[PDB]
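Q: File final23.cif follows (mmCIF, C-alpha atoms; chains and numbers go by the auth columns):
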data_query
loop_
_atom_site.group_PDB
_atom_site.id
_atom_site.type_symbol
_atom_site.label_atom_id
_atom_site.label_comp_id
_atom_site.label_asym_id
_atom_site.label_seq_id
_atom_site.Cartn_x
_atom_site.Cartn_y
_atom_site.Cartn_z
_atom_site.B_iso_or_equiv
_atom_site.auth_seq_id
_atom_site.auth_asym_id
ATOM 1 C CA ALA A 1 13.440 -9.171 29.759 0.00 1 A
ATOM 2 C CA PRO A 2 15.100 -8.915 33.179 0.00 2 A
ATOM 3 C CA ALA A 3 18.651 -10.245 33.189 0.00 3 A
ATOM 4 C CA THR A 4 18.117 -12.107 36.479 0.00 4 A
ATOM 5 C CA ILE A 5 14.974 -13.256 38.276 0.00 5 A
ATOM 6 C CA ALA A 6 15.789 -13.683 41.961 0.00 6 A
ATOM 7 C CA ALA A 7 14.415 -16.219 44.440 0.00 7 A
ATOM 8 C CA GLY A 8 10.774 -15.259 44.928 0.00 8 A
ATOM 9 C CA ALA A 9 10.615 -12.484 42.325 0.00 9 A
ATOM 10 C CA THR A 10 8.566 -12.081 39.145 0.00 10 A
ATOM 11 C CA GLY A 11 9.781 -10.920 35.739 0.00 11 A
ATOM 12 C CA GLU A 12 7.842 -9.491 32.806 0.00 12 A
ATOM 13 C CA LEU A 13 8.964 -10.257 29.261 0.00 13 A
ATOM 14 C CA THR A 14 8.133 -8.726 25.897 0.00 14 A
ATOM 15 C CA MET A 15 9.098 -9.942 22.444 0.00 15 A
ATOM 16 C CA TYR A 16 8.152 -8.942 18.909 0.00 16 A
ATOM 17 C CA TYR A 17 8.355 -11.178 15.850 0.00 17 A
ATOM 18 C CA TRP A 18 7.870 -10.165 12.246 0.00 18 A
ATOM 19 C CA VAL A 19 6.569 -13.207 10.365 0.00 19 A
ATOM 20 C CA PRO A 20 7.320 -12.302 6.728 0.00 20 A
ATOM 21 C CA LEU A 21 5.286 -13.165 3.676 0.00 21 A
ATOM 22 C CA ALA A 22 6.508 -10.587 1.180 0.00 22 A
ATOM 23 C CA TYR A 23 10.231 -9.951 0.953 0.00 23 A
ATOM 24 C CA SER A 24 10.121 -6.232 1.760 0.00 24 A
ATOM 25 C CA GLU A 25 7.760 -3.261 1.732 0.00 25 A
ATOM 26 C CA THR A 26 8.724 -2.504 -1.886 0.00 26 A
ATOM 27 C CA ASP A 27 9.266 -6.065 -3.182 0.00 27 A
ATOM 28 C CA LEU A 28 6.099 -8.159 -3.074 0.00 28 A
ATOM 29 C CA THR A 29 7.796 -11.480 -3.884 0.00 29 A
ATOM 30 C CA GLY A 30 6.081 -13.986 -1.606 0.00 30 A
ATOM 31 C CA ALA A 31 2.942 -11.992 -0.825 0.00 31 A
ATOM 32 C CA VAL A 32 -0.444 -13.678 -0.522 0.00 32 A
ATOM 33 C CA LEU A 33 -3.687 -12.727 -2.223 0.00 33 A
ATOM 34 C CA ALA A 34 -6.335 -12.904 0.490 0.00 34 A
ATOM 35 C CA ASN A 35 -9.417 -11.473 -1.246 0.00 35 A
ATOM 36 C CA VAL A 36 -11.013 -14.926 -1.226 0.00 36 A
ATOM 37 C CA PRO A 37 -13.818 -15.329 1.342 0.00 37 A
ATOM 38 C CA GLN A 38 -14.168 -19.111 1.482 0.00 38 A
ATOM 39 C CA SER A 39 -10.436 -19.963 1.618 0.00 39 A
ATOM 40 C CA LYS A 40 -9.085 -19.386 5.116 0.00 40 A
ATOM 41 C CA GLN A 41 -5.464 -18.839 6.105 0.00 41 A
ATOM 42 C CA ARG A 42 -3.748 -20.317 9.139 0.00 42 A
ATOM 43 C CA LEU A 43 -0.948 -19.089 11.421 0.00 43 A
ATOM 44 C CA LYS A 44 0.115 -21.837 13.826 0.00 44 A
ATOM 45 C CA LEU A 45 2.075 -20.662 16.874 0.00 45 A
ATOM 46 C CA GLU A 46 3.810 -22.909 19.390 0.00 46 A
ATOM 47 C CA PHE A 47 4.795 -21.227 22.644 0.00 47 A
ATOM 48 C CA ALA A 48 7.106 -22.137 25.497 0.00 48 A
ATOM 49 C CA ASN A 49 6.166 -24.258 28.516 0.00 49 A
ATOM 50 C CA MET B 1 48.136 -7.003 -23.754 0.00 1 B
ATOM 51 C CA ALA B 2 51.175 -8.345 -21.913 0.00 2 B
ATOM 52 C CA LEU B 3 54.663 -8.236 -23.389 0.00 3 B
ATOM 53 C CA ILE B 4 56.385 -11.560 -24.005 0.00 4 B
ATOM 54 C CA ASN B 5 59.536 -12.010 -21.943 0.00 5 B
ATOM 55 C CA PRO B 6 62.110 -13.457 -24.381 0.00 6 B
ATOM 56 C CA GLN B 7 64.562 -14.435 -21.645 0.00 7 B
ATOM 57 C CA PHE B 8 61.998 -16.304 -19.522 0.00 8 B
ATOM 58 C CA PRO B 9 59.022 -17.291 -21.680 0.00 9 B
ATOM 59 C CA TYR B 10 56.321 -19.723 -20.629 0.00 10 B
ATOM 60 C CA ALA B 11 53.996 -22.126 -22.399 0.00 11 B
ATOM 61 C CA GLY B 12 50.248 -22.652 -22.366 0.00 12 B
ATOM 62 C CA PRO B 13 48.278 -24.142 -19.486 0.00 13 B
ATOM 63 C CA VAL B 14 48.948 -27.738 -18.457 0.00 14 B
ATOM 64 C CA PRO B 15 46.211 -30.074 -17.137 0.00 15 B
ATOM 65 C CA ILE B 16 45.479 -29.820 -13.413 0.00 16 B
ATOM 66 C CA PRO B 17 43.097 -31.765 -11.106 0.00 17 B
ATOM 67 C CA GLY B 18 39.447 -31.169 -11.876 0.00 18 B
ATOM 68 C CA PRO B 19 36.194 -30.630 -9.954 0.00 19 B
ATOM 69 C CA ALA B 20 34.352 -33.950 -10.689 0.00 20 B
ATOM 70 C CA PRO B 21 32.694 -33.005 -14.001 0.00 21 B
ATOM 71 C CA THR B 22 29.051 -33.905 -13.295 0.00 22 B
ATOM 72 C CA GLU B 23 29.039 -31.763 -10.157 0.00 23 B
ATOM 73 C CA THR B 24 29.420 -28.626 -12.299 0.00 24 B
ATOM 74 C CA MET B 25 26.347 -29.600 -14.357 0.00 25 B
ATOM 75 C CA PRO B 26 22.945 -28.648 -12.895 0.00 26 B
ATOM 76 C CA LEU B 27 19.517 -30.229 -13.140 0.00 27 B
ATOM 77 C CA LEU B 28 16.853 -28.371 -15.129 0.00 28 B
ATOM 78 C CA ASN B 29 14.458 -27.754 -12.213 0.00 29 B
ATOM 79 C CA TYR B 30 11.085 -29.232 -13.192 0.00 30 B
ATOM 80 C CA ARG B 31 8.099 -26.845 -12.706 0.00 31 B
ATOM 81 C CA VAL B 32 4.698 -28.259 -11.676 0.00 32 B
ATOM 82 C CA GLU B 33 1.405 -26.533 -12.508 0.00 33 B
ATOM 83 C CA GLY B 34 0.042 -23.897 -10.159 0.00 34 B
ATOM 84 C CA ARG B 35 -3.057 -21.928 -9.329 0.00 35 B
ATOM 85 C CA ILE B 36 -3.954 -18.593 -7.782 0.00 36 B
ATOM 86 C CA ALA B 37 -6.083 -20.135 -5.075 0.00 37 B
ATOM 87 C CA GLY B 38 -9.597 -19.301 -3.971 0.00 38 B
ATOM 88 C CA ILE B 39 -12.685 -17.712 -5.485 0.00 39 B
ATOM 89 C CA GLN B 40 -12.104 -13.962 -5.666 0.00 40 B
ATOM 90 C CA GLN B 41 -14.672 -11.480 -4.411 0.00 41 B
ATOM 91 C CA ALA B 42 -15.986 -8.972 -6.927 0.00 42 B
ATOM 92 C CA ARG B 43 -15.710 -5.803 -4.846 0.00 43 B
ATOM 93 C CA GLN B 44 -13.927 -4.490 -1.760 0.00 44 B
ATOM 94 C CA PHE B 45 -15.185 -2.329 1.112 0.00 45 B
ATOM 95 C CA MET B 46 -12.614 0.379 0.550 0.00 46 B
ATOM 96 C CA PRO B 47 -11.374 2.668 3.364 0.00 47 B
ATOM 97 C CA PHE B 48 -11.347 5.738 1.083 0.00 48 B
ATOM 98 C CA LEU B 49 -13.885 7.027 -1.408 0.00 49 B
ATOM 99 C CA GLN B 50 -12.940 6.650 -5.062 0.00 50 B
ATOM 100 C CA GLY B 51 -14.378 9.928 -6.333 0.00 51 B
ATOM 101 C CA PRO B 52 -13.252 13.541 -6.570 0.00 52 B
ATOM 102 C CA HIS B 53 -13.403 16.110 -3.801 0.00 53 B
ATOM 103 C CA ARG B 54 -13.700 19.890 -3.775 0.00 54 B
ATOM 104 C CA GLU B 55 -10.998 22.250 -2.537 0.00 55 B
ATOM 105 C CA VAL B 56 -13.248 25.204 -1.686 0.00 56 B
ATOM 106 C CA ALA B 57 -16.899 25.494 -0.717 0.00 57 B
ATOM 107 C CA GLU B 58 -19.201 27.681 -2.803 0.00 58 B
ATOM 108 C CA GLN B 59 -22.262 29.429 -1.405 0.00 59 B
ATOM 109 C CA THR B 60 -25.517 28.143 -2.890 0.00 60 B
ATOM 110 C CA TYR B 61 -28.764 30.092 -3.115 0.00 61 B
ATOM 111 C CA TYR B 62 -32.472 29.517 -3.522 0.00 62 B
ATOM 112 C CA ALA B 63 -35.017 32.074 -4.684 0.00 63 B
ATOM 113 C CA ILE B 64 -37.714 33.385 -2.353 0.00 64 B
ATOM 114 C CA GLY B 65 -40.664 35.682 -2.901 0.00 65 B
ATOM 115 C CA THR B 66 -41.620 38.820 -1.031 0.00 66 B
ATOM 116 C CA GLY B 67 -45.345 39.103 -0.384 0.00 67 B
ATOM 117 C CA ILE B 68 -48.431 40.976 -1.471 0.00 68 B
ATOM 118 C CA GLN B 69 -47.422 44.586 -2.073 0.00 69 B
ATOM 119 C CA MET B 70 -49.786 47.080 -0.451 0.00 70 B
ATOM 120 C CA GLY B 71 -50.585 50.735 -0.993 0.00 71 B
ATOM 121 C CA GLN B 72 -49.401 53.606 1.157 0.00 72 B
ATOM 122 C CA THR B 73 -50.522 56.877 2.708 0.00 73 B
ATOM 123 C CA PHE B 74 -48.012 59.367 1.331 0.00 74 B
ATOM 124 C CA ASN B 75 -47.400 62.784 2.811 0.00 75 B
ATOM 125 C CA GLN B 76 -48.416 64.914 -0.077 0.00 76 B
ATOM 126 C CA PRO B 77 -46.749 68.170 -1.179 0.00 77 B
ATOM 127 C CA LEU B 78 -48.247 71.634 -1.230 0.00 78 B
ATOM 128 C CA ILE B 79 -49.657 73.316 -4.323 0.00 79 B
ATOM 129 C CA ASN B 80 -47.203 75.304 -6.463 0.00 80 B
ATOM 130 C CA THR B 81 -48.925 78.680 -6.199 0.00 81 B
ATOM 131 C CA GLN B 82 -45.643 80.448 -7.082 0.00 82 B
ATOM 132 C CA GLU B 83 -44.062 79.542 -3.710 0.00 83 B
ATOM 133 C CA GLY B 84 -41.686 76.664 -4.398 0.00 84 B
#
I need this file expressed as structure tokens, please.

A:
Amino acid sequence: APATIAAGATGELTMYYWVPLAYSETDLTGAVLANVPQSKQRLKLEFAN
Amino acid sequence: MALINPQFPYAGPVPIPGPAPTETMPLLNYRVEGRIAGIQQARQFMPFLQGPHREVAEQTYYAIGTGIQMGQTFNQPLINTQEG
């Protein structure tokens, strides 16, 4: 992100989030079985305004 | 394994203020019944094949035949009239 957007300028931002389900890549505590065709999942995301 | 000081000994522990005795006793946490959700599919479209592979390639063959074998016009030798 730019540290300062001046009067009349445009800034480009980038951000990465890791939304965890399992605890780590070697500990599967919290992981989700998703081999079920009729049961959907859902990931709701609210963004800024 | 401490040594008792005979000049300055001490007694056992005296009562002190306490930490509100029910607040050191926990509740027993109450599990409800659960379910691995959904109807599971029987098979998965796997990204790798599940069988063996071969390290080296071996040359295969198939038999073929030749053809109808014909006769020939040989160059024929001379007669052994004691020169040969």

Q: Between atom CA of residue 45 of chain A and atom CA of residue 1 of chain A, what is the spacing in Å?

A: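 Separation of atom CA of residue 1 of chain A and atom CA of residue 45 of chain A: 20.7 Å.
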
Q: From the options A:36, A:13, A:28, A:7, which residue's atoms come nearest to chain B, counting all atoms listed in the file?

A: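 Comparing A:36, A:13, A:28, A:7 against chain B, the winner is A:36.
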
Q: List the spatial neighbours of residue 30 of chain A as a PyMOL selection string - criterion: any atom at most 9 Å away, all atoms listed in the file, same-chain residues fewer than 5 positions off excluded.

A: chain A and resi 20-23

Q: Taking all atoms listed in the file into account and nothing else, which residues of chain A lie no more than 10 Å away from chain B? Please answer as a VMD selection string.

A: chain A and resid 32 to 40

Q: So the first atom is atom CA of residue 9 of chain A and the second is atom CA of residue 49 of chain A; what is the distance between them in Å, to one decimal place?

A: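 Taking atom CA of residue 9 of chain A as the start and atom CA of residue 49 of chain A as the end point, the length is 18.7 Å.
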
Q: Work out how far atom CA of residue 29 of chain A is from atom CA of residue 35 of chain B, in Å to one decimal.

A: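 Atom CA of residue 29 of chain A lies at a distance of 16.0 Å from atom CA of residue 35 of chain B.
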
Q: Can you sort out segment 15-35 of chain A so it carries N, CA, C and O atoms, written as an mmCIF file, in the frame of the given file?

A:
data_model
loop_
_atom_site.group_PDB
_atom_site.id
_atom_site.type_symbol
_atom_site.label_atom_id
_atom_site.label_comp_id
_atom_site.auth_asym_id
_atom_site.auth_seq_id
_atom_site.Cartn_x
_atom_site.Cartn_y
_atom_site.Cartn_z
ATOM 1 N N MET A 15 8.375 -9.538 23.635
ATOM 2 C CA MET A 15 9.098 -9.942 22.444
ATOM 3 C C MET A 15 8.226 -9.664 21.235
ATOM 4 O O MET A 15 7.010 -9.855 21.286
ATOM 5 N N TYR A 16 8.844 -9.197 20.159
ATOM 6 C CA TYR A 16 8.152 -8.942 18.909
ATOM 7 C C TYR A 16 8.777 -9.784 17.812
ATOM 8 O O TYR A 16 10.002 -9.852 17.697
ATOM 9 N N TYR A 17 7.935 -10.425 17.016
ATOM 10 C CA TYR A 17 8.355 -11.178 15.850
ATOM 11 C C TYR A 17 7.684 -10.597 14.623
ATOM 12 O O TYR A 17 6.492 -10.293 14.649
ATOM 13 N N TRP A 18 8.439 -10.451 13.552
ATOM 14 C CA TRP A 18 7.870 -10.165 12.246
ATOM 15 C C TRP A 18 7.890 -11.459 11.450
ATOM 16 O O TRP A 18 8.961 -11.944 11.076
ATOM 17 N N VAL A 19 6.714 -12.029 11.214
ATOM 18 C CA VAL A 19 6.569 -13.207 10.365
ATOM 19 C C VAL A 19 6.410 -12.715 8.930
ATOM 20 O O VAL A 19 5.361 -12.147 8.601
ATOM 21 N N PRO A 20 7.404 -12.894 8.064
ATOM 22 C CA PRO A 20 7.320 -12.302 6.728
ATOM 23 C C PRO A 20 6.592 -13.183 5.728
ATOM 24 O O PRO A 20 6.690 -14.410 5.736
ATOM 25 N N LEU A 21 5.835 -12.528 4.859
ATOM 26 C CA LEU A 21 5.286 -13.165 3.676
ATOM 27 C C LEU A 21 5.904 -12.571 2.420
ATOM 28 O O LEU A 21 6.531 -13.285 1.640
ATOM 29 N N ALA A 22 5.779 -11.265 2.233
ATOM 30 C CA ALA A 22 6.508 -10.587 1.180
ATOM 31 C C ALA A 22 7.945 -10.352 1.624
ATOM 32 O O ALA A 22 8.271 -10.399 2.812
ATOM 33 N N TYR A 23 8.814 -10.101 0.647
ATOM 34 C CA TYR A 23 10.231 -9.951 0.953
ATOM 35 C C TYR A 23 10.506 -8.630 1.658
ATOM 36 O O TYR A 23 11.208 -8.592 2.672
ATOM 37 N N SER A 24 9.957 -7.537 1.140
ATOM 38 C CA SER A 24 10.121 -6.232 1.760
ATOM 39 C C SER A 24 8.857 -5.420 1.517
ATOM 40 O O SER A 24 7.874 -5.917 0.963
ATOM 41 N N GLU A 25 8.891 -4.156 1.935
ATOM 42 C CA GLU A 25 7.760 -3.261 1.732
ATOM 43 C C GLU A 25 7.708 -2.680 0.329
ATOM 44 O O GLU A 25 6.731 -2.004 -0.003
ATOM 45 N N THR A 26 8.731 -2.911 -0.492
ATOM 46 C CA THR A 26 8.724 -2.504 -1.886
ATOM 47 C C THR A 26 8.882 -3.664 -2.850
ATOM 48 O O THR A 26 8.764 -3.459 -4.061
ATOM 49 N N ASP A 27 9.161 -4.867 -2.359
ATOM 50 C CA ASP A 27 9.266 -6.065 -3.182
ATOM 51 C C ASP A 27 8.233 -7.055 -2.668
ATOM 52 O O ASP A 27 8.346 -7.549 -1.543
ATOM 53 N N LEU A 28 7.223 -7.335 -3.485
ATOM 54 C CA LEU A 28 6.099 -8.159 -3.074
ATOM 55 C C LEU A 28 6.286 -9.628 -3.416
ATOM 56 O O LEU A 28 5.294 -10.353 -3.536
ATOM 57 N N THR A 29 7.524 -10.081 -3.577
ATOM 58 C CA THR A 29 7.796 -11.480 -3.884
ATOM 59 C C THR A 29 7.517 -12.327 -2.652
ATOM 60 O O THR A 29 8.210 -12.209 -1.638
ATOM 61 N N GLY A 30 6.495 -13.174 -2.729
ATOM 62 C CA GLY A 30 6.081 -13.986 -1.606
ATOM 63 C C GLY A 30 4.790 -13.554 -0.955
ATOM 64 O O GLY A 30 4.349 -14.211 -0.007
ATOM 65 N N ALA A 31 4.169 -12.480 -1.425
ATOM 66 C CA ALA A 31 2.942 -11.992 -0.825
ATOM 67 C C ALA A 31 1.767 -12.881 -1.208
ATOM 68 O O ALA A 31 1.811 -13.631 -2.184
ATOM 69 N N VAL A 32 0.700 -12.781 -0.423
ATOM 70 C CA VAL A 32 -0.444 -13.678 -0.522
ATOM 71 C C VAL A 32 -1.681 -12.864 -0.867
ATOM 72 O O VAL A 32 -2.008 -11.901 -0.168
ATOM 73 N N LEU A 33 -2.355 -13.244 -1.949
ATOM 74 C CA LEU A 33 -3.687 -12.727 -2.223
ATOM 75 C C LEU A 33 -4.666 -13.310 -1.217
ATOM 76 O O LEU A 33 -4.786 -14.530 -1.090
ATOM 77 N N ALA A 34 -5.386 -12.441 -0.512
ATOM 78 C CA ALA A 34 -6.335 -12.904 0.490
ATOM 79 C C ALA A 34 -7.727 -12.336 0.270
ATOM 80 O O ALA A 34 -8.507 -12.257 1.213
ATOM 81 N N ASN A 35 -8.087 -12.008 -0.964
ATOM 82 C CA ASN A 35 -9.417 -11.473 -1.246
ATOM 83 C C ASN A 35 -10.387 -12.575 -1.616
ATOM 84 O O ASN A 35 -11.246 -12.417 -2.482
#
